[PDB]
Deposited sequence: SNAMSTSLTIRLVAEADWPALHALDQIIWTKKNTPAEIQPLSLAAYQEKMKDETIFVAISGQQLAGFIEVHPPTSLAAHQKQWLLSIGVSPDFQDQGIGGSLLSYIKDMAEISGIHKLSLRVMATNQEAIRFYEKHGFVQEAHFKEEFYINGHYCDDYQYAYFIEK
């Protein structure tokens, strides 16, 4: 009859599910990721995805920017999880005083490129021959969103 999708800050009970999801795409993780700001997408009563944010560097001059990372579960594909997370982060950023969101995406990653551009991100960088992968060099883009 109905479905519900909730996005909220990560809670203690989430970590078993998060640790599990991060493997698909124990307490060391739980320690590591409490230095980290994570928001969680809950579909019904299951973890469907997360968005994680942190300033791109430790520089004070960088503290008004969030580098972002999205993870969507293999069991919650194609239900707008990615977009709901982006929308929520843009709203959180506005109140947090964050001026700018960014991330990097591999040139060959057409789906991510289209996703972020669809969500109003613009290309700021084309890093050519940027990453060495098994004998070849791969290009990378940086995308930005202005709150």
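- Note: segments 1-3, 29-42, 165-166 of the deposited sequence have no C-alpha coordinates in the structure.
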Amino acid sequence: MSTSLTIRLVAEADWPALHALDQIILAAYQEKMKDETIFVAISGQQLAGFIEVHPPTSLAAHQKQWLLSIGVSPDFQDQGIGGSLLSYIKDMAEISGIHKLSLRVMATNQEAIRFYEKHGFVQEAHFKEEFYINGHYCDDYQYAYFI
From here on, numbers count along this sequence of modelled residues.
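- Of the two segments examined, 35-43 and 63-71, it is 35-43 that shows the higher average Cα temperature factor in the deposited entry.
- Higher mean CA B-factor, judged across 26-34 and 49-57 from the recorded values: 26-34.
- For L5, the recorded CA temperature factor ranks within the highest third of the chain's modelled residues.
- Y137 sits in the middle third of its chain by CA B factor, as recorded in the PDB entry.
- Ranked by C-alpha B-factor against the other modelled residues of its chain, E94 falls in the highest third.
- Remark: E129 belongs to the middle third of its chain, ranked by C-alpha B-factor as recorded.
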